[PDB]
Structure formats: C-alpha cells, structure tokens
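Q: as they sit in the full assembly, here are the leading chains:
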Amino acid sequence: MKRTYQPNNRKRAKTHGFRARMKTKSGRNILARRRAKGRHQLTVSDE
Amino acid sequence: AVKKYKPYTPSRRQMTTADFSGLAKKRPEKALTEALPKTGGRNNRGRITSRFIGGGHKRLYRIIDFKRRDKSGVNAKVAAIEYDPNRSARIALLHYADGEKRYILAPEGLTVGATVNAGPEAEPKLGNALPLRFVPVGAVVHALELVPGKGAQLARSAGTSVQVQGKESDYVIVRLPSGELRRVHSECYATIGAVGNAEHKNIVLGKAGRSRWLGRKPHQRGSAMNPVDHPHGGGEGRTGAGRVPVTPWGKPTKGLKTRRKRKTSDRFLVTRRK
Amino acid sequence: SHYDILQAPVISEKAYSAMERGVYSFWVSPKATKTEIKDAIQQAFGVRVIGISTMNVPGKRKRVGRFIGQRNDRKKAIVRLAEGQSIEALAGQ
C-alpha cells in the first residue's frame, strides 16, 4: 500500500546529521568509530 | 435547572445540560486569560504517569487569586458570572472600587452586582474574605487555606461547604465536605457560603462524545488485557479474578488504606473521613 | 579585489542579444554579494549601474569513465547600465 520510507529533508538532517550526531556522546562515538572504517559517508550531512 | 432533550436521537434522551441562563455572557478578561495546553498524561519524560487523558476542546486559564489578602480592607463589586471550563464551579468578576479587576470563585446565590468586602473587618455576607476565627460558630463557608497567604485549597468543587465547628486554640475546628474534622490556623482565610453550581453533580453525560469533549479517553478493564499487560488478564471466558482485586501495579484496590502512616497532618485531623 | 571577482563573461545567443540591448552578463564568484558586484563593475568599467540581478547555478554532474563527478557551481550575474553606456572590451564579440 503506502511505504516505510517517505523522505523528509528536515527530518533526515535533524535526525541523522552532524550537529545532531555530535550532540550526544554515543554519536561522537559513532563518528570516530565510522571514521576509522574509512567512511567517505561520514554522516547524512555529507550526502 | 437543567436542559433536557426529547429522544430524537438514541443518545439525545438521558442526555442533560447545564443551566447557564444566569451567566453574564462575555469573553473573559484579556489580561487574565492565560493559555493552558493539554498533557496526554505524559510528563517531562513522555510517559503516561496519570493514565487515560486525551484531547477534548481547547481551554484557557483564568487566574483566580484565592488569597484575597492582597486587597482586603477594601471592597469590590461583582460584575459578571462567566463560565470557566477548568473548574467544576462558576466564577465571578470583581471590579475593585479602586481600579484593578480580579477574578474570584463564585458561591451559591450571590447575585450579579452585589458589592462584597474583604478583610477581618467584613460582614459575614456571601463572598467576603474573612479569617476563620472571626467567622461565627456553625457558619457555612468555602475556599480555605492550610496556612495564611498560601492559597485556598479547600471547598472548591461545586456546591461545597466547609463548616466552622467552632474555635479552640489558634486552630479552628472545621467540617470538610468529605466528612472530616480538621484543625485550621485561625489566621487562615475564608469566603462565606456554599460553592454553587450545585446542579452540576446531576447532569447526565449521555454519550461517549460528551466524555471525550472534557478529554477523558476511554477507560479500560484490565480484565480485557493479557498477562503481559496487566494483573487481572488472561482467562478463557468473561473471567472472574482468581486473586484479590488489585491495581495494574498489584497493590490491592478495594479496602486497602493507602495514606502514609506517619505524617505531620496526623495532629490536625480530629476525626476521619469515614 | 576589484577584479578577482568577475571570474569570466557569459557566452550564448541570449548574452549576445542582451549585450546588443545594453545589458551585460558575466559568471562571478559564488560567495559574492550584489553590492559587491555593483562596486566591482562600476569600478573596473567606469559605468553607471542602475539595474542588477544574480542567480546561483549548479554544475552538470558528469562522468568521464567510472568517475561520476560534479562540476563547480557558478553565480551568473546580469547588469543593466544607464544611457547606452556600452562596455568596450566585449563590444566586438
């Protein structure tokens, strides 16, 4: 019928982004633990 | 007294409605009309602490100073008796002879425009701010504080009357509406009379909607739920209990005193609400 | 400075006829402002500028082999002078 993924720019960014991911400890942690895996895709800010 | 309804719709029989024919029709004073948002029962953690709260109709706060001692020693005159959706009672509009308007709670009878006072130097009339000691023995009153200046926290629902059993020490004995006898520091304030609305108690709600319109989301028998959900759950049929009646939290409902056993109030209650 | 900014001129059927009208059109520098561009061309062309417009444009992401890439994004700017004050250096094109 209708689907799981209905994009929302403001949602996307205010949810997964960088100011967001750094706002919390475990997101700092997500950050550097990504960086280590050599992500080009650091964060949905980087889309 | 109460409006009623011919049975044109199934639910438009038992339904009943207030008598607001004595309500000075008016959009409550601007500099007194704060904004109440609703709270699903969730608190600042977003979990439903209170349970079963939901929507209804947009409401606003009308500040009703209860400590009249901010303007006692002078009088005001009643200007209107408008309709507050947040109180079980009706409220009235004070025009203080010296400018300032206020809102106070409205008692039983008090006709629109009677000029009422405030101060220990006040006549036992309906609507007077009067300390509890200066109140006659056996007089009828409401709006009673648990300390001078705090705020009136007693007798506020429709047609309620705390009754001066009489003085004693500096703590005046008092008859709470619940059927309880309470000591009150005679420097406490009062507002003479029964609350009024009174008719309230009786209005038949009539249909689901009418519950919703006051924002009381549908209540739920745990006897519906399942084990996982709540105590009385499970079973194979419109099932009994199998344990003693009990809240979701398992702390018994039906005949279990719940007040905290040691307390500071325990030497101000001469009797029990029985 | 009063030059750096004007990263190029604009080349097309449009641009040409606008020129013919007395309206000149350049690529500029994304970060720039309209006050900045006015000051720019007014300085390095000794002209009375009374009309302006700008517009940031993306950049045709193109591939050259397995290398999907975006081009640099520009800021097309249009200016209209007063009293047929045509600019010399482009008047031959």
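A: Noted; the coordinates are in hand. Residues are numbered from 1 along each chain as shown, chains lettered A, B, ... in the order given.
Q: pull the contacting residues for residue C:75.
A: Neighbouring residues of residue C:75 by CB atoms under 8 Å, 6 or more residues apart in numbering or on different chains: C:27-30, C:32, C:54-57. Backbone N, C-alpha and C define where each C-beta goes, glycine included.
Q: just the buried ones from those residues, in PyMOL syntax?
A: Selecting only the buried entries of the contacts of residue C:75 in PyMOL, with 16 or more other CB atoms under 10 Å in any protein chain shown as the criterion:
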select buried, chain C and resi 27+28+29+32
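Q: okay, and which of the contacts of residue C:75 map to strands?
A: C:27, C:54-57 (DSSP state E).
Q: make TSV from these and add distance to residue B:188 to it.
A: What follows is the ones in strands among the contacts of residue C:75, written out as TSV (distance: CB to CB, whole Å):
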residue	distance to residue B:188
C:27	82
C:54	73
C:55	74
C:56	72
C:57	76
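Q: could you measure from residue A:15 over to residue A:23?
A: 11 Å (CB to CB, to the nearest Å).
Q: that older thread, make TSV from the contacts of residue C:75 and add distance to residue B:31 to it.
A: Shown next, in TSV, are these (distance: CB to CB, whole Å):
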residue	distance to residue B:31
C:27	59
C:28	55
C:29	55
C:30	52
C:32	51
C:54	49
C:55	50
C:56	49
C:57	54
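Q: so which of the contacts of residue C:75 is the closest to residue B:219?
A: Using CB to CB, residue C:56 comes nearest to residue B:219 of these, at 58.7 Å.
Q: which residues does the closest one contact?
A: C:30, C:73-75.
Q: please apply the same query to residue B:160.
A: When contacts are counted by CB under 8 Å, 6+ apart, residue B:160 is found next to B:142, B:177, B:194-195.
Q: and then RNA strand D:
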RNA sequence: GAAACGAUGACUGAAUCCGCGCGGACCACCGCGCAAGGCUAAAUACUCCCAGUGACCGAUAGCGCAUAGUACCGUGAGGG
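A: Putting RNA strand D onto the chains we already have gives this:
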C-alpha cells in the same frame, strides 16, 4: 571458617617514646617494624607508523581491497 590484616559506608574518632603497629583468633614471652605528607629515571606493556628478515601467501590465497570501506543494501547504527 578458629578470622588475623588491610580496605572503606554508617556510628564511635586512643596513646606520641617507661610510646605506637604487626607476627592469621586470643595471652605472656620474644622477634620484625616508625601509620596520620609528596616527587622519583631505569628495566616492563603496546605497535597506527618506519625499516629488516621469512621451510608466510601469490589473484576463491594473501587485509575487506593488487586497493575501496568504494559499487551495492540499510532512515539508521551498521553491513560491504
């Protein structure tokens, strides 16, 4: 457990030299000791990185990759 000693949470908070602490309950004896103040290189651990070697691999091996955390999947963490 016969539970010494240290160690602290709550109550108690002694002696300072003819004194204090321990010697696996506890006592005498007889021994080892100076609580309540601090710093301290050295040997030791690791290895993102640099170099040298190899009864280690040579394209399903070897890191995941002769390179790429890319293509691709995932709203995301993440997988790859």
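Q: assign residue B:164 to helix, strand or coil.
A: With DSSP: H, G, I helix; E, B strand; the rest coil as the basis, residue B:164 sits in strand.
Q: so what's it up against?
A: By CB under 8 Å, 6+ apart, the contact list for residue B:164 reads B:132, B:135-139, B:141, B:172-175.
Q: quick check: residue C:76 vs RNA strand D, distance?
A: Per CB to the nearest atom of the strand, to the nearest Å, residue C:76 is found 30 Å from RNA strand D.
Q: would you mind confirming that that residue is in contact with residue C:37?
A: No. Contact criterion CB atoms under 8 Å: residue C:76 and residue C:37 do not qualify, at 11.0 Å.
Q: one step back: let's see which of the contacts of residue B:164 end up in strands.
A: Within the contacts of residue B:164, residues falling in strands by DSSP E are B:141, B:172-175.
Q: quick one on the thing from earlier: more neighbours: residue C:76 and residue C:37, which one.
A: residue C:37 (23 against 15; other CB atoms under 10 Å in any protein chain shown).
Q: among the ones in strands among the contacts of residue B:164, who's most crowded?
A: residue B:141 (28 neighbours).
Q: now do the contacts for it.
A: Contacts of residue B:141 (CB under 8 Å, 6+ apart): B:132, B:135, B:155, B:161-164, B:190-193.
Q: list the contacts for residue C:73?
A: Going by CB under 8 Å, 6+ apart, residue C:73 touches C:30, C:56-59.
Q: point me to the residue of chain C nearest RNA strand D.
A: Ranked by CB to the nearest atom of the strand, the top residue of chain C for proximity to RNA strand D is residue C:68, at 8.0 Å.
Q: excluding chain neighbours, what is closest to that residue?
A: residue C:61 (6.5 Å; CB to CB, 6 or more residues apart in numbering or on different chains).
Q: as RNA strand E, please add this:
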RNA sequence: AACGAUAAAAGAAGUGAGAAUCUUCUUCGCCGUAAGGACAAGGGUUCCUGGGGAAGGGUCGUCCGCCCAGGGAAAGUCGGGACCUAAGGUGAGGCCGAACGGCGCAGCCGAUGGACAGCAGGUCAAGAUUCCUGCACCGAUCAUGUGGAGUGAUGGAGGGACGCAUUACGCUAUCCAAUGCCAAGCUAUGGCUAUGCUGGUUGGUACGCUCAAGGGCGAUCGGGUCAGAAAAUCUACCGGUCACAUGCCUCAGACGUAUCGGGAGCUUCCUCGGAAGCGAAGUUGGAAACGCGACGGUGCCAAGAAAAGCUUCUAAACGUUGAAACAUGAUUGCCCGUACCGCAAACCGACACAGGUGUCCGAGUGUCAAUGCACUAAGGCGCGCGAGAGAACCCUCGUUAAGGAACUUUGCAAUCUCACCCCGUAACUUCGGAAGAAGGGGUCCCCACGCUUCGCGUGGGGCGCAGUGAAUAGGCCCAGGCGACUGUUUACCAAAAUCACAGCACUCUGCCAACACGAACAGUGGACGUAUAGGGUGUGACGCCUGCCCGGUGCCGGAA
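A: One more chain to add, RNA strand E, which I have set with the ones above:
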C-alpha cells in the same frame, strides 16, 4: 510462461543503411471533479538546442526521462532570513546525580502560524508579480522648503485576539440566452439564401457633485490613591454631562469619462512554419459561489493559542534657534528559493510497476439538485510487442423454452428491486419511532387554459412493445440468539457475541493528595485540579430487581 489493465486503431506522406513502432497529415477511439491545469513534499539537469544508438526500453527503433556536448533559471514588493512567538528543543547562574549524565527561571532556537510595500500586458528553443514596456507602492539616508518645540523606551495600557453550526441583504468571479453589436466567407444532398451557420463581445490604472447593499462608531470634564513597582496628556473604577430615530465613518461593487493594454481575425515575407505589421465590436436579460463587503445576525455548550509589528502615557536622557509631522527631488533595494517532473515513467513502491502521496482551480448539455450519472469543450491521451486463427479449457459478460431453490453446508453467486411525485401503510413502542414498513397509481410528444417563474396543475389530442425509454438507481416480510445504541478491533486468513461507551456500584484519596515516571530530599505528571475533585477496580442503555453463606483467603477494626 509471460511482454504489466480489453481507452482501438486506419490509410497516405516523409526520413533512414534498415520503420507496425520515429516525424508530418487526415480521420477513428478513451479521459474530461480527469486520464485537464496549478502548487507543496521529494527527485536533481531528467528542462531547451544540436547531435548520437552500445547498453537501459519487456518487441522495434532512425526514437526516448537513456548517451555526448552546449545553453537555460534573474525579484526591495511572491516564499523563507535580516521581525515574532506554539508544541517542542534549549539554556550562564540554579536544583540533582557512581561517571558519561538528569533536570531546570529568565533568554534563545523552533512554522504547520502572527506580521508585511505591485498590479496589467509582452516575449527566448528553454525564465517570469524577477526580464522588457506602461502606470504604482514601501523603508532607508541627504537636500531646498512648511519647521518653529518637543522626540516618545529594556517598563505602563490599549490593540493584535481567534469556537462550532445555521443565516439575512448587497456584490464579483464565472456560466447561459438572444433577429443585441462586430467579423468572416459559403449555398452543400431535397430545403434554407438569412430572421441561417462559425467566432468574438473589457483587463489595469487614474479621476469623476454619479449609483451603492453591507460594515465598524461614541464624546468631554472631574474624583478616588489604593489599580498597572513609580510615573502618567494614557489604561482601569466612580460620578456628571451630551438631538433617541441617527449622523459621524467606511466603500465590496457598479455607472461615467479618460488612458494603457488585450481582442476575432486581416495583411505581408518566408527556410520539415514560423518571423513581423495591423485590429472591429464592447449590448439588453437571466443564473451565481465555500469569494469579497465583514471582525454582519441568530442560535448553541464542548466555552474556543502566544508574541512582535501596531496605537496611546510617562521615566531617564540629550534638546527646547532645528522637535516632531509633511510636500517634493535625489538616492539606496542584502541573503538564499525560482528550470523541469510533481496523483506520476521523473517523488515513496528493487521496475518506464493496475499500489501509496497533502492543498487549490476543475467549463458545457441533459438531469429536483450535485464535485452524482451518460455525452462532451479546453486540455490530455490510445497505457512501448505485433499479426492472424476463431477447438478443448479458463477468465469477464449477454440472452434464455418448460419449471422456479428441486441447488446446497446456507439462495454462496446472479436476477428481482431501483429515481422523483401522488394514494396509502402493521404488530410493537422508550411516543422519537419502526417507516422508503407493506401495497398501489403516475412519468414521453403536442395543442388550448389557468397558476408565482426555467416552472407546474388541469383539459383534449398523438405515437411506440414499453415514455427515471440510454446510464447513475433499495428486493420485502414473519419469527428467534447476542449486544442496548454512533463508534473500536487481529497492517497481511477472524469486524463479531470483542472492546469502548453513557449509567450504576465498592473502595482509595484532605494536598508536597493518593497514584505514576524517576541516579535522585532533583524535577515532572496527577493539576495550575481540591472530595458535586482525583485514582483504581468491576458491571455495562433503560425498566422491575439483585437473595442465602463471614468457616478458609483477603480486607477493616480490636486488644488481654
């Protein structure tokens, strides 16, 4: 097997190496409250020009939303920011907490909202309240003037400021009629020769003693200190005083006049067809909004956000020979968003997928009306495999002799029935109802007559098998079980007898209330509620009612 809806295609012409599929032409078929148009969210160059044809395309492709290259997007007035606040998120000091951290007043962030200055036309292959033409508006700084003494905040008040339903008068959009006006040519196939046929028939701005329904509306003096910390030309109370009808005030809109547009077409050039010039009329009559006048009227209980801009007072403060206000000229105009797809082949569905996606506009005819049904207009398509065959069988549909539920687990399915009017209508009842019960009869075309019209009754005639002639369009009844009722429910095998409910009942709870979330004496819900309130539990409208057992368990109380 399948090539992704049974909306449908033909012939000619062209191009090419090659054509059922690409491009012209002439028809046909489908959508038309859409399958048209305009936005938003999302996508990201898919837009336009020229080219290409490996692969993507369910076939083919010379074609494309695919490949290449190049171009295209323009704002002081639209939308967002340079302003505001809601929920929410924050947040120095502050309150807490093994740590990371959790709270938290003011302040700040936060549009889905408040506020706010521009409209009409023209055009690129591709932009448009941006650019260009024509005539406006707003803020800002300076200058010549009218200056000629007050300006008026980080605080005051006013104002902003709001619900649903129903509805009166005026009006616009916008659509219909016509021997109104303008323009165009023609005679068809028996007639018509125009009184026929086709098309067009006012948009902006300015003024004007012209017309105008509707709508808002008081005023001034004085007192009280004690109301807004104080102030106070203000705001609020008290008092006095003022030609009730009103006038004061506004002008949606229309009429006039003017000016700028636009306008059917007509002309001229010419290159898979456009470039450019020109331009007539502008009527009476009727319908009519969910739009405007508007913050109108009335009724109702469930009782209807905040803040800035804004308007008024005063405080300091510098001025009171340059204080405001104003007219005019100059001058200035920041930041991003504007292409295109956007009910879909371009967004979400792995797909060029019978799904999903929020708001606006959505013409005409017939129809009691209507966003309903049939057919259409503008516009958009014929859904990217084709051709023939004309067996079984399968799907969707028509008709049906005699019979009419014999079927079967059961009338499952399918037919019946079908709109509007008029007659008429049961037990039972909570007097609302059942009820569209049932059951009848009418319905089209013409002429005359009346009536309030487009319209309708009446009377007589006419035709066909039949006249809501086509399409949209209830089968009905008798009697039980369960629930009272409207509602809710197992996303993707169960919609009910579930659940909720209004009602009643037991208890609990006197405020830092019980009760609930909680590192926790934090803070929060309960509640800015107060026993006619709040929690928990059970029954489940309404009506007559609700008995017998306190030994065990639980609970309340008691004390040797």
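Q: and the strands in chain B?
A: Under DSSP E, chain B gives strands at B:33-35, B:60-62, B:76-80, B:91-96, B:101-105, B:115-116, B:140-142, B:162-166, B:171-176, B:180-185, B:191-192.
Q: compute the inter-axis angle for the fourth one and strand B:101-105.
A: It stands for strand B:91-96. Here strand B:91-96 runs at an angle of 140 degrees relative to strand B:101-105 (axes from the mean of the first three to the mean of the last three CA atoms, to 10 degrees).
Q: would you check how far apart the residue nearest the centre of chain C and residue C:51 are?
A: In chain C, the residue lying closest to the centroid (CA atoms, centre = their mean) is residue C:26, at 1.4 Å. Residue C:26 sits 14 Å away from residue C:51, going by CB to CB.
Q: same check on residue B:190?
A: 78 Å.
Q: looking at these two, which is more packed in?
A: residue B:190 (28 against 12).
Q: you'd agree that one is up against residue B:144?
A: Yes. Between residue B:190 and residue B:144 a contact is recorded at 5.7 Å, counting by CB under 8 Å.
Q: where does residue 38 fall, secondary structure wise?
A: Because you didn't say which chain, this covers chain A. Taking DSSP states H and E as the definition, one finds residue A:38 inside no helix or strand.
Q: to clarify, I was referring to chain C.
A: helix C:34-45.
Q: which strands and helices lie in contact with that helix?
A: strand C:49-57, strand C:74-81 (3 or more CB pairs under 8 Å, 6 or more residues apart in numbering or on different chains; DSSP states H and E).
Q: can you redo the strands of chain B as a markdown table with distance to RNA strand E?
A: Shown next, in a markdown table, are those (distance: least, CB to the nearest atom of the strand, whole Å):
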| stretch | distance to RNA strand E |
| --- | --- |
| strand B:33-35 | 3 |
| strand B:60-62 | 4 |
| strand B:76-80 | 7 |
| strand B:91-96 | 5 |
| strand B:101-105 | 6 |
| strand B:115-116 | 10 |
| strand B:140-142 | 7 |
| strand B:162-166 | 8 |
| strand B:171-176 | 4 |
| strand B:180-185 | 4 |
| strand B:191-192 | 12 |
